[PDB]
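Working notes for the structure below.
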Amino acid sequence: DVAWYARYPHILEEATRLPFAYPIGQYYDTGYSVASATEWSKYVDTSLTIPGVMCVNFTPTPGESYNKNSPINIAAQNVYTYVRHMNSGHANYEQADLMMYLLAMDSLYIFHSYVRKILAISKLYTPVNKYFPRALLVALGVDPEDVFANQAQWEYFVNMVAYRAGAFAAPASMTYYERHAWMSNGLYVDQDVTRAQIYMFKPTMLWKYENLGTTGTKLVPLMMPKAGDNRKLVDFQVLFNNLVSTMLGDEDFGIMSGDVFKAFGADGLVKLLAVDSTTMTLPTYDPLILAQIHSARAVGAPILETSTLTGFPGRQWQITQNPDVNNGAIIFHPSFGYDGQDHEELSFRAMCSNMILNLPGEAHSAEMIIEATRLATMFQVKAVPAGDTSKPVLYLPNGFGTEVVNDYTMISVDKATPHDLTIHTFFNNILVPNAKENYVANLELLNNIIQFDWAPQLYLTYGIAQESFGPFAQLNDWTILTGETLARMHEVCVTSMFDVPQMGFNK
Amino acid sequence: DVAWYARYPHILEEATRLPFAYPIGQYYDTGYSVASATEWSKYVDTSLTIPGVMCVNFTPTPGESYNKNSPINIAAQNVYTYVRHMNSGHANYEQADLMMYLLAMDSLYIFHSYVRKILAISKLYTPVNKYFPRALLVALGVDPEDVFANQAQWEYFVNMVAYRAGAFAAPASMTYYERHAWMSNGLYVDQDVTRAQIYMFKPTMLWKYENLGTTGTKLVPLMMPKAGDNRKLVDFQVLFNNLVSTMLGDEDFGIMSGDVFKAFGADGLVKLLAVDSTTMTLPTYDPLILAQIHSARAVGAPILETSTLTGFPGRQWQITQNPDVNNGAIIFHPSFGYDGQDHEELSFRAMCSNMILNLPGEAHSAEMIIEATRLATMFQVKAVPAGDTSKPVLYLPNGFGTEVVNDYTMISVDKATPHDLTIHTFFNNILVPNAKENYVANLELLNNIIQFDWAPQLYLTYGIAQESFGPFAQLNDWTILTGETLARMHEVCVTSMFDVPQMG
Amino acid sequence: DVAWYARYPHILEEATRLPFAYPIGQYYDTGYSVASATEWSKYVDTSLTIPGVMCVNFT
Amino acid sequence: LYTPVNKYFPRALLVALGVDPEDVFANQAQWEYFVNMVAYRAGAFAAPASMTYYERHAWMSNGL
Amino acid sequence: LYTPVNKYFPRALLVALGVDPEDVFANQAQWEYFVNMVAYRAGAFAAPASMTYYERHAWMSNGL
């Protein structure tokens, strides 16, 4: 529309001629336009730190369960009828034992997907992205040089995990295993461009099986390494030995493995595929994963048996069953809002309003709405403290999906020299205390988060004003979602996950 | 993928039936998910306000001009030897008289586009955007109820402006006029959706002609209504009636207009669009103008003759032409960084780093790079103050386009009752002092700004941290742009805007 | 009957898209329309329980 | 009986009949043997089908 | 070799051959390359293939 540009294309061509597409992964100085502005030292920001990795730290859940009408208890009955009665299984276990076995197999498979993602990341190098692979190895909690120096041992340990897992049987058509394996074994770009931001999913903990004999059967948390840990292969081997120590000597699990093998055949079982030296993972583009990560809503740290929570004596996360308690129901009723410290993280008050679910476009198909709400978990009531002096504030949900988000971990480069990698972990809620080195740090945090495209929505609590700000995101087509609607969607998605269609019903 | 959903499709159908497409322009209360949480009053943000209007407040510039070797003095020479060699005779004017006439014609055309947009906005209605049309009328500075009550007089005034300014001749082959008409006669969505957010361009000031007789000519600023001023038709009539007061029955202006009419024919003149009580502009999607908004870069308030600048005397913005100064050349070097007071607005220190040209995709053509940098203006040095004491800090650029951005104005809804329109005026740079109330207010402004898609990139300085934080914008394929590159691009675009295809 | 609904059918479509057919057998909490009303504890019935089985016990 | 839209199926109907619902799920084959043995033992006796007493009681008792 | 129907696999068969069953699990790559290095070093010597002594011993000591 400017006729001068077509009459002089050469002048326009040598006029612009700009660099365009700097490799991300390293610090970039912009320099000064006013050269005398070194007298205003910190008042001129010449830094440019583009982040690369946001790791979503999750816990695998069987859904919320406090009575026999839970989807996990209905699934326990539905799979026990197929294994025990429709296929003539053994009679030395109940339905809750079979479902606890089926839940421990999931933690086994998530560990396998985790270590093979560690394997496949360490072979990713490109000139356009200097975060590959080291920042992604840091976000998973390993020593990035151990996987380089001991690559063959890692590569054979992953295969040995997959071979040892063949000692147990678990149905393949149960979509719980497929969803957890697809979720914890993927690199996801946020934009589908050349040098995009990477999303990952790491387990915060796994579920460790514990036998109690007469007084039931537990699943306790086994903590996974966090992003600053620098764990070697020996640590992951000790973790895998700790995960299967209570499972290979158990005769109940041997009987249940034989029964699931007999009921579902050999081709109807979960098979962990073997990897080789040429096995590469590539970061794909998936708009459903991004629709999960946007509106993912973090619950906080898992509560442990050794965690000090004043006013909440026994409230550790555990999937329990007892034939005396709740007439043999599988019970997972966890408290949320814990952050690892014996105080109140009072930014969790910002999660006490109704959530916003915004999606791309205007279509909003039914399975798109059921997929975008998987990691969203709203609180319903406060937990009641046991006593008179309570330091934290714990919350009870209105149900949740098969995964809850514990927190997020963002890997970026440092603004100051020597520009190392920076690890910041955060909830959806972020408290900004009244100190000088909190406001510009939170602003760096916010600008690093908005580099990620379908990021989680942030809730910023300022302690100076005693005021939280609501959903810090750009909204396109949103709904205000209440707790009963999200509870209905959660019950649907958890019922679909534990459904086993290999049972030949008409249905 | 999931075999259970195909077995019970009615469950998945009825469980996920949610009302989407909430109308924007309203306050929405999300409610509580924890019913007890009313004891934690401001710690639970149950509020949701989406903004609708970001008005880019611009000033039309001729480019930077220090001497006769400037692009508009070269363009004055070019258009004067074109016009003089079709109108053979005894001309009573120079190059510079003709070019200052052609620059006053632009302020007239931008004023006509401004009041025509005021009329054409007032007929806009959408049930899903409640910002139409009162927020767009508040952002332009007009009282919205005055345009609805006095519609026929507004239409008569706009048709009379188009009839009076349309009596003068200006060449249509000069793309200066077409660019200013494309900015001024335009409603632009940031995304191609129905509940999109609106970008507008409004002149901060216009250039007012005054003939200095023997001592030359001058173009002085005439300020426009700012947002929330509730200006009536009588105020815009006063603005028009001192904009064209020196021009409307004038001898020399008629001679120059007749000369331009004989040089460039009737088909080669700038046309003015008329209104007929059905004229309605619609918000279009133009990613070329959104790239300029993304790389836009505010320079501050215009300096006037009445402005108090301690340590800076005689720094007012003017397109001056004196025959005894600079060999009779058109001179314009405005001083930037002024915000309307005497306190050294030290958010402007954050504009002393080099800029980031953010641009989407992976392939960037030469026209796209030369068009996206049009509202970008980087400071180069500090202006030297006259005196030991100096309250503000001013800056000199390395050139600028045919427009500079002075401000941005955001229109959203108030979260407190009643939910009227809130008006927020800001630069690219934003100072956050050490007070309790303005941290969450700056969060309100930041989240309001990120609702707009290709918004200008922000710089945020803090009081107690004593540091600015850099470009607050989601990046893409970017590049770091220096002052000499932007100066070359500004030279190219000031040359291309004022170019006339000549015969000589 | 109403000529405005035929002019803006998408507004009427999206404004009245509600999830019906709630499964029976569950407790449902309706919530509060007045957020302050938790100070009036049992005076606000936010509960909803639909029964399912009536067994006629005969001889 | 199972319906995802009625959570009273089947435990509420088993509680209303007086039976422990988990005992019927755990001991399904013995329950089926007991019911088939009741039908085989009581089916050894003769009662006239032209008496509508039996059909009315079967219509009430074998009915949801 | 792992299967749900036979809990002797593989540990009892590793015990019957006289190895630590956990060493072959924890050092699988080193075992796998030592076997190949044995097969490569044995190529330093020549022995006839049609002599059925080698075939019988190899088929006998490599079978379950």
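Residues are named by chain letter and number: chains run A, B, ... in the order of the structure tokens, numbers start at 1 in each chain, and ligands are numbered from 1 in the order shown.
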Here's a check: after a least-squares fit over all in-order C-alpha atoms, write chain E in the frame of chain D, as an mmCIF file with N, CA, C and O atoms, in the first residue's frame.
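The result, written out as result.cif:
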data_model
loop_
_atom_site.group_PDB
_atom_site.id
_atom_site.type_symbol
_atom_site.label_atom_id
_atom_site.label_comp_id
_atom_site.auth_asym_id
_atom_site.auth_seq_id
_atom_site.Cartn_x
_atom_site.Cartn_y
_atom_site.Cartn_z
ATOM 1 N N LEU E 1 -26.596 -54.631 39.073
ATOM 2 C CA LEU E 1 -27.099 -53.397 38.477
ATOM 3 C C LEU E 1 -26.217 -52.230 38.898
ATOM 4 O O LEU E 1 -26.239 -51.814 40.059
ATOM 5 N N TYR E 2 -25.452 -51.702 37.950
ATOM 6 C CA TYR E 2 -24.629 -50.519 38.146
ATOM 7 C C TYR E 2 -24.851 -49.592 36.966
ATOM 8 O O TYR E 2 -24.898 -50.050 35.821
ATOM 9 N N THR E 3 -24.974 -48.298 37.232
ATOM 10 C CA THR E 3 -25.094 -47.318 36.164
ATOM 11 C C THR E 3 -24.471 -46.018 36.647
ATOM 12 O O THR E 3 -24.454 -45.755 37.855
ATOM 13 N N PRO E 4 -23.888 -45.220 35.748
ATOM 14 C CA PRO E 4 -23.308 -43.944 36.187
ATOM 15 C C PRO E 4 -24.339 -42.906 36.585
ATOM 16 O O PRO E 4 -23.993 -41.973 37.317
ATOM 17 N N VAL E 5 -25.594 -43.040 36.149
ATOM 18 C CA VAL E 5 -26.611 -42.031 36.423
ATOM 19 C C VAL E 5 -27.318 -42.226 37.755
ATOM 20 O O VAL E 5 -28.048 -41.326 38.193
ATOM 21 N N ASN E 6 -27.123 -43.359 38.421
ATOM 22 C CA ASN E 6 -27.851 -43.677 39.648
ATOM 23 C C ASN E 6 -26.884 -44.386 40.585
ATOM 24 O O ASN E 6 -26.601 -45.574 40.411
ATOM 25 N N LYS E 7 -26.389 -43.662 41.580
ATOM 26 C CA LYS E 7 -25.470 -44.231 42.550
ATOM 27 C C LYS E 7 -26.180 -44.930 43.695
ATOM 28 O O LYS E 7 -25.516 -45.354 44.644
ATOM 29 N N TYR E 8 -27.504 -45.062 43.636
ATOM 30 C CA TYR E 8 -28.202 -45.932 44.573
ATOM 31 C C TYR E 8 -28.108 -47.389 44.154
ATOM 32 O O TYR E 8 -28.176 -48.278 45.006
ATOM 33 N N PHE E 9 -27.960 -47.649 42.861
ATOM 34 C CA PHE E 9 -27.798 -49.012 42.373
ATOM 35 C C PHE E 9 -26.386 -49.500 42.678
ATOM 36 O O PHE E 9 -25.419 -48.782 42.410
ATOM 37 N N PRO E 10 -26.220 -50.702 43.236
ATOM 38 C CA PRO E 10 -27.268 -51.594 43.727
ATOM 39 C C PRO E 10 -27.433 -51.556 45.235
ATOM 40 O O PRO E 10 -28.355 -52.165 45.747
ATOM 41 N N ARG E 11 -26.564 -50.799 45.906
ATOM 42 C CA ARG E 11 -26.304 -50.983 47.328
ATOM 43 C C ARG E 11 -27.500 -50.589 48.185
ATOM 44 O O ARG E 11 -27.819 -51.274 49.162
ATOM 45 N N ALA E 12 -28.190 -49.508 47.816
ATOM 46 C CA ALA E 12 -29.372 -49.078 48.555
ATOM 47 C C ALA E 12 -30.517 -50.069 48.417
ATOM 48 O O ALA E 12 -31.295 -50.257 49.360
ATOM 49 N N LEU E 13 -30.625 -50.722 47.263
ATOM 50 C CA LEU E 13 -31.660 -51.728 47.076
ATOM 51 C C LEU E 13 -31.314 -53.023 47.790
ATOM 52 O O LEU E 13 -32.216 -53.762 48.187
ATOM 53 N N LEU E 14 -30.025 -53.328 47.950
ATOM 54 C CA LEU E 14 -29.661 -54.466 48.783
ATOM 55 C C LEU E 14 -29.883 -54.155 50.254
ATOM 56 O O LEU E 14 -30.203 -55.049 51.040
ATOM 57 N N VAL E 15 -29.697 -52.896 50.647
ATOM 58 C CA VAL E 15 -29.929 -52.507 52.033
ATOM 59 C C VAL E 15 -31.417 -52.552 52.353
ATOM 60 O O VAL E 15 -31.815 -53.039 53.414
ATOM 61 N N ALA E 16 -32.264 -52.121 51.411
ATOM 62 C CA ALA E 16 -33.709 -52.117 51.637
ATOM 63 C C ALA E 16 -34.284 -53.523 51.754
ATOM 64 O O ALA E 16 -35.323 -53.714 52.394
ATOM 65 N N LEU E 17 -33.631 -54.516 51.162
ATOM 66 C CA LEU E 17 -34.063 -55.896 51.297
ATOM 67 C C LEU E 17 -33.485 -56.577 52.524
ATOM 68 O O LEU E 17 -33.926 -57.677 52.869
ATOM 69 N N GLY E 18 -32.513 -55.964 53.186
ATOM 70 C CA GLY E 18 -32.012 -56.490 54.433
ATOM 71 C C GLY E 18 -30.811 -57.392 54.343
ATOM 72 O O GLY E 18 -30.633 -58.251 55.212
ATOM 73 N N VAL E 19 -29.977 -57.236 53.326
ATOM 74 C CA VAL E 19 -28.809 -58.082 53.170
ATOM 75 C C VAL E 19 -27.561 -57.233 53.353
ATOM 76 O O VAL E 19 -27.606 -56.000 53.380
ATOM 77 N N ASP E 20 -26.437 -57.913 53.498
ATOM 78 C CA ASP E 20 -25.133 -57.281 53.409
ATOM 79 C C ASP E 20 -24.828 -57.096 51.930
ATOM 80 O O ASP E 20 -24.775 -58.085 51.191
ATOM 81 N N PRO E 21 -24.663 -55.860 51.448
ATOM 82 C CA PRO E 21 -24.446 -55.659 50.007
ATOM 83 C C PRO E 21 -23.101 -56.150 49.519
ATOM 84 O O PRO E 21 -22.932 -56.356 48.313
ATOM 85 N N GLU E 22 -22.144 -56.352 50.417
ATOM 86 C CA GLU E 22 -20.828 -56.850 50.055
ATOM 87 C C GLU E 22 -20.766 -58.367 50.068
ATOM 88 O O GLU E 22 -19.902 -58.949 49.404
ATOM 89 N N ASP E 23 -21.668 -59.013 50.810
ATOM 90 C CA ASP E 23 -21.732 -60.470 50.809
ATOM 91 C C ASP E 23 -22.224 -60.995 49.469
ATOM 92 O O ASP E 23 -21.726 -62.008 48.972
ATOM 93 N N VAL E 24 -23.192 -60.308 48.862
ATOM 94 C CA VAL E 24 -23.707 -60.728 47.568
ATOM 95 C C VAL E 24 -22.691 -60.452 46.468
ATOM 96 O O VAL E 24 -22.689 -61.136 45.440
ATOM 97 N N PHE E 25 -21.807 -59.474 46.669
ATOM 98 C CA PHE E 25 -20.717 -59.241 45.731
ATOM 99 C C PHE E 25 -19.621 -60.287 45.879
ATOM 100 O O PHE E 25 -19.112 -60.800 44.879
ATOM 101 N N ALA E 26 -19.251 -60.618 47.113
ATOM 102 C CA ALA E 26 -18.137 -61.517 47.370
ATOM 103 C C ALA E 26 -18.512 -62.986 47.278
ATOM 104 O O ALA E 26 -17.615 -63.828 47.174
ATOM 105 N N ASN E 27 -19.796 -63.321 47.327
ATOM 106 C CA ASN E 27 -20.275 -64.698 47.293
ATOM 107 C C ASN E 27 -21.371 -64.837 46.257
ATOM 108 O O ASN E 27 -22.437 -65.391 46.515
ATOM 109 N N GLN E 28 -21.107 -64.324 45.057
ATOM 110 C CA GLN E 28 -22.132 -64.227 44.022
ATOM 111 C C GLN E 28 -22.520 -65.595 43.478
ATOM 112 O O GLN E 28 -23.698 -65.848 43.203
ATOM 113 N N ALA E 29 -21.547 -66.497 43.336
ATOM 114 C CA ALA E 29 -21.824 -67.820 42.787
ATOM 115 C C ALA E 29 -22.627 -68.663 43.762
ATOM 116 O O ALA E 29 -23.517 -69.418 43.357
ATOM 117 N N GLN E 30 -22.339 -68.523 45.054
ATOM 118 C CA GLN E 30 -23.075 -69.255 46.073
ATOM 119 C C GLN E 30 -24.523 -68.781 46.164
ATOM 120 O O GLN E 30 -25.439 -69.598 46.302
ATOM 121 N N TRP E 31 -24.743 -67.465 46.071
ATOM 122 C CA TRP E 31 -26.092 -66.905 45.993
ATOM 123 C C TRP E 31 -26.829 -67.408 44.759
ATOM 124 O O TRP E 31 -27.999 -67.820 44.831
ATOM 125 N N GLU E 32 -26.135 -67.408 43.618
ATOM 126 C CA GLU E 32 -26.744 -67.777 42.348
ATOM 127 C C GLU E 32 -27.114 -69.248 42.306
ATOM 128 O O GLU E 32 -28.105 -69.619 41.671
ATOM 129 N N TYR E 33 -26.358 -70.094 42.994
ATOM 130 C CA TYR E 33 -26.718 -71.502 43.040
ATOM 131 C C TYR E 33 -27.707 -71.821 44.151
ATOM 132 O O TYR E 33 -28.481 -72.774 44.011
ATOM 133 N N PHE E 34 -27.734 -71.029 45.229
ATOM 134 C CA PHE E 34 -28.739 -71.218 46.273
ATOM 135 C C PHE E 34 -30.136 -70.902 45.763
ATOM 136 O O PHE E 34 -31.100 -71.578 46.137
ATOM 137 N N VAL E 35 -30.261 -69.889 44.902
ATOM 138 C CA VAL E 35 -31.565 -69.549 44.331
ATOM 139 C C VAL E 35 -32.087 -70.682 43.448
ATOM 140 O O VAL E 35 -33.262 -71.079 43.534
ATOM 141 N N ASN E 36 -31.207 -71.252 42.625
ATOM 142 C CA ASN E 36 -31.574 -72.389 41.789
ATOM 143 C C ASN E 36 -31.895 -73.620 42.623
ATOM 144 O O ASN E 36 -32.797 -74.382 42.276
ATOM 145 N N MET E 37 -31.181 -73.822 43.732
ATOM 146 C CA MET E 37 -31.453 -74.975 44.580
ATOM 147 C C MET E 37 -32.784 -74.829 45.298
ATOM 148 O O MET E 37 -33.470 -75.824 45.543
ATOM 149 N N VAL E 38 -33.160 -73.594 45.635
ATOM 150 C CA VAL E 38 -34.496 -73.317 46.158
ATOM 151 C C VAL E 38 -35.555 -73.676 45.121
ATOM 152 O O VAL E 38 -36.546 -74.354 45.425
ATOM 153 N N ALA E 39 -35.334 -73.262 43.869
ATOM 154 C CA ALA E 39 -36.287 -73.568 42.802
ATOM 155 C C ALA E 39 -36.361 -75.061 42.491
ATOM 156 O O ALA E 39 -37.404 -75.550 42.042
ATOM 157 N N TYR E 40 -35.271 -75.794 42.706
ATOM 158 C CA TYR E 40 -35.273 -77.227 42.441
ATOM 159 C C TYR E 40 -35.911 -77.999 43.587
ATOM 160 O O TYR E 40 -36.638 -78.969 43.359
ATOM 161 N N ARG E 41 -35.644 -77.582 44.827
ATOM 162 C CA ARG E 41 -36.258 -78.216 45.985
ATOM 163 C C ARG E 41 -37.756 -77.950 46.043
ATOM 164 O O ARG E 41 -38.519 -78.799 46.517
ATOM 165 N N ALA E 42 -38.203 -76.797 45.533
ATOM 166 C CA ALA E 42 -39.632 -76.498 45.494
ATOM 167 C C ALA E 42 -40.399 -77.387 44.522
ATOM 168 O O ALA E 42 -41.629 -77.460 44.612
ATOM 169 N N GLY E 43 -39.712 -78.069 43.606
ATOM 170 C CA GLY E 43 -40.352 -79.036 42.735
ATOM 171 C C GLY E 43 -40.746 -80.334 43.410
ATOM 172 O O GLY E 43 -41.367 -81.182 42.762
ATOM 173 N N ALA E 44 -40.408 -80.506 44.689
ATOM 174 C CA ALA E 44 -40.884 -81.626 45.486
ATOM 175 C C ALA E 44 -42.360 -81.521 45.817
ATOM 176 O O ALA E 44 -42.953 -82.515 46.248
ATOM 177 N N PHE E 45 -42.956 -80.349 45.647
ATOM 178 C CA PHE E 45 -44.342 -80.099 45.985
ATOM 179 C C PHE E 45 -45.075 -79.647 44.733
ATOM 180 O O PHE E 45 -44.475 -79.125 43.793
ATOM 181 N N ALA E 46 -46.383 -79.849 44.719
ATOM 182 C CA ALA E 46 -47.210 -79.451 43.593
ATOM 183 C C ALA E 46 -48.208 -78.393 44.037
ATOM 184 O O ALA E 46 -48.766 -78.476 45.133
ATOM 185 N N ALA E 47 -48.425 -77.392 43.185
ATOM 186 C CA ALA E 47 -49.368 -76.319 43.440
ATOM 187 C C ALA E 47 -49.854 -75.827 42.087
ATOM 188 O O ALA E 47 -49.040 -75.710 41.169
ATOM 189 N N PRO E 48 -51.148 -75.539 41.930
ATOM 190 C CA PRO E 48 -51.678 -75.216 40.597
ATOM 191 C C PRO E 48 -51.215 -73.861 40.078
ATOM 192 O O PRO E 48 -51.130 -72.881 40.819
ATOM 193 N N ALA E 49 -50.927 -73.815 38.777
ATOM 194 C CA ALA E 49 -50.386 -72.606 38.171
ATOM 195 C C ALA E 49 -51.470 -71.603 37.817
ATOM 196 O O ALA E 49 -51.218 -70.395 37.835
ATOM 197 N N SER E 50 -52.671 -72.074 37.495
ATOM 198 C CA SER E 50 -53.740 -71.173 37.093
ATOM 199 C C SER E 50 -54.362 -70.431 38.267
ATOM 200 O O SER E 50 -55.131 -69.492 38.044
ATOM 201 N N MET E 51 -54.054 -70.827 39.496
ATOM 202 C CA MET E 51 -54.434 -70.071 40.682
ATOM 203 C C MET E 51 -53.601 -68.795 40.731
ATOM 204 O O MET E 51 -52.381 -68.849 40.897
ATOM 205 N N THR E 52 -54.262 -67.643 40.591
ATOM 206 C CA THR E 52 -53.597 -66.370 40.330
ATOM 207 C C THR E 52 -52.944 -65.784 41.585
ATOM 208 O O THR E 52 -52.229 -64.782 41.491
ATOM 209 N N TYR E 53 -53.165 -66.403 42.746
ATOM 210 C CA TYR E 53 -52.527 -66.006 43.999
ATOM 211 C C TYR E 53 -51.006 -66.089 43.906
ATOM 212 O O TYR E 53 -50.288 -65.143 44.267
ATOM 213 N N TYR E 54 -50.508 -67.209 43.379
ATOM 214 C CA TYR E 54 -49.075 -67.412 43.215
ATOM 215 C C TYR E 54 -48.499 -66.460 42.181
ATOM 216 O O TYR E 54 -47.413 -65.906 42.374
ATOM 217 N N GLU E 55 -49.223 -66.258 41.077
ATOM 218 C CA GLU E 55 -48.765 -65.364 40.020
ATOM 219 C C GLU E 55 -48.686 -63.924 40.503
ATOM 220 O O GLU E 55 -47.715 -63.218 40.208
ATOM 221 N N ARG E 56 -49.673 -63.488 41.289
ATOM 222 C CA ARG E 56 -49.676 -62.120 41.791
ATOM 223 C C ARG E 56 -48.559 -61.902 42.800
ATOM 224 O O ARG E 56 -47.853 -60.889 42.740
ATOM 225 N N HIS E 57 -48.357 -62.859 43.710
ATOM 226 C CA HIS E 57 -47.297 -62.699 44.704
ATOM 227 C C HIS E 57 -45.915 -62.760 44.065
ATOM 228 O O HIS E 57 -45.008 -62.013 44.454
ATOM 229 N N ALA E 58 -45.748 -63.618 43.056
ATOM 230 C CA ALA E 58 -44.464 -63.735 42.378
ATOM 231 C C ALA E 58 -44.170 -62.503 41.539
ATOM 232 O O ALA E 58 -43.027 -62.052 41.475
ATOM 233 N N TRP E 59 -45.186 -61.941 40.888
ATOM 234 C CA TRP E 59 -44.968 -60.738 40.095
ATOM 235 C C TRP E 59 -44.755 -59.519 40.979
ATOM 236 O O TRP E 59 -44.006 -58.608 40.616
ATOM 237 N N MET E 60 -45.373 -59.502 42.154
ATOM 238 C CA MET E 60 -45.256 -58.372 43.062
ATOM 239 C C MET E 60 -43.903 -58.351 43.764
ATOM 240 O O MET E 60 -43.276 -57.295 43.879
ATOM 241 N N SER E 61 -43.424 -59.505 44.228
ATOM 242 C CA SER E 61 -42.188 -59.554 44.996
ATOM 243 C C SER E 61 -40.946 -59.786 44.137
ATOM 244 O O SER E 61 -39.899 -60.154 44.673
ATOM 245 N N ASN E 62 -41.027 -59.559 42.831
ATOM 246 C CA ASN E 62 -39.886 -59.768 41.949
ATOM 247 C C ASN E 62 -39.768 -58.630 40.958
ATOM 248 O O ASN E 62 -39.348 -58.822 39.814
ATOM 249 N N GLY E 63 -40.134 -57.431 41.376
ATOM 250 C CA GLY E 63 -40.126 -56.325 40.451
ATOM 251 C C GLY E 63 -39.516 -55.072 41.024
ATOM 252 O O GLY E 63 -39.713 -54.746 42.195
ATOM 253 N N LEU E 64 -38.740 -54.383 40.202
ATOM 254 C CA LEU E 64 -38.336 -53.014 40.466
ATOM 255 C C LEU E 64 -39.227 -52.122 39.627
ATOM 256 O O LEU E 64 -39.425 -52.382 38.438
#
**OP:** Tell me the residues of chain C close to chain B, meaning within 7 Å using only C-alpha atoms, as a PyMOL selection string.
**Re:** chain C and resi 14-21+35-36+38
Which residues of chain C sit at most 8 Å from chain D, using only C-alpha atoms? Give each one's shortest atom pair and distance in Å (one decimal place), in chain and ascending residue order, as CSV.
residue,atom,partner,partner_atom,distance
C:21,CA,D:5,CA,7.9
C:22,CA,D:5,CA,7.2
C:23,CA,D:5,CA,4.2
C:24,CA,D:6,CA,4.9
C:25,CA,D:7,CA,4.3
C:26,CA,D:7,CA,6.9
C:52,CA,D:8,CA,6.4
C:53,CA,D:13,CA,6.8
C:55,CA,D:16,CA,6.6
**OP:** Select residues of chain A: the criterion is any atom within 8 Å of an atom of chain D, counting only C-alpha atoms; output as a list in words.
**Re:**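 Those within range of chain D come out as residues 69, 77, 81, 85 and 94 of chain A.
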Original post:
Any idea which chain A residues end up within 6 Å of chain B if we count only C-alpha atoms, as JSON, numbers by chain please?
Top reply: {"A": [4, 13, 20, 21, 30, 31, 32, 33, 34, 42, 43, 44, 45, 46, 349, 350, 352, 353, 354, 366, 380, 381, 436, 447, 450, 451, 464, 465, 467, 468, 469, 470, 472, 474, 477, 478, 479, 496]}
Output of the above residues as an mmCIF file, in the first residue's frame, restricted to C-alpha atoms:
data_model
loop_
_atom_site.group_PDB
_atom_site.id
_atom_site.type_symbol
_atom_site.label_atom_id
_atom_site.label_comp_id
_atom_site.auth_asym_id
_atom_site.auth_seq_id
_atom_site.Cartn_x
_atom_site.Cartn_y
_atom_site.Cartn_z
ATOM 1 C CA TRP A 4 7.764 3.706 -2.631
ATOM 2 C CA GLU A 13 16.132 -4.694 1.831
ATOM 3 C CA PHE A 20 16.324 -12.711 13.883
ATOM 4 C CA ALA A 21 16.109 -16.017 15.886
ATOM 5 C CA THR A 30 20.365 -5.654 24.985
ATOM 6 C CA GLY A 31 22.795 -2.814 25.626
ATOM 7 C CA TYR A 32 22.062 0.857 26.089
ATOM 8 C CA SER A 33 20.403 3.247 23.688
ATOM 9 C CA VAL A 34 21.356 6.177 25.919
ATOM 10 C CA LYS A 42 19.678 -0.721 38.207
ATOM 11 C CA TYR A 43 17.002 1.597 36.732
ATOM 12 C CA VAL A 44 17.896 0.306 33.236
ATOM 13 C CA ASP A 45 17.154 -3.381 32.641
ATOM 14 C CA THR A 46 19.372 -4.609 29.803
ATOM 15 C CA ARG A 349 -6.666 -18.193 50.576
ATOM 16 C CA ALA A 350 -6.558 -16.954 46.974
ATOM 17 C CA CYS A 352 -10.818 -20.151 47.855
ATOM 18 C CA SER A 353 -12.787 -18.516 45.035
ATOM 19 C CA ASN A 354 -14.408 -20.223 42.079
ATOM 20 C CA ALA A 366 -17.636 -32.227 25.312
ATOM 21 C CA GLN A 380 -14.622 -26.858 49.337
ATOM 22 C CA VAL A 381 -14.160 -26.593 53.116
ATOM 23 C CA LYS A 436 12.685 -4.993 48.678
ATOM 24 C CA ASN A 447 7.356 -12.327 32.919
ATOM 25 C CA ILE A 450 3.908 -15.397 30.489
ATOM 26 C CA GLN A 451 6.590 -16.683 28.101
ATOM 27 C CA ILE A 464 1.797 -5.311 52.287
ATOM 28 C CA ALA A 465 -1.783 -4.768 51.099
ATOM 29 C CA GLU A 467 -4.925 -8.429 49.223
ATOM 30 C CA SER A 468 -4.740 -11.181 46.631
ATOM 31 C CA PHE A 469 -5.166 -10.598 42.925
ATOM 32 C CA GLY A 470 -7.209 -13.155 41.019
ATOM 33 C CA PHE A 472 -3.400 -13.629 36.201
ATOM 34 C CA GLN A 474 -5.285 -13.755 29.345
ATOM 35 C CA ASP A 477 -13.598 -18.087 26.145
ATOM 36 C CA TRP A 478 -14.153 -18.761 29.823
ATOM 37 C CA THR A 479 -16.717 -19.998 32.325
ATOM 38 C CA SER A 496 -13.784 -43.657 32.579
#
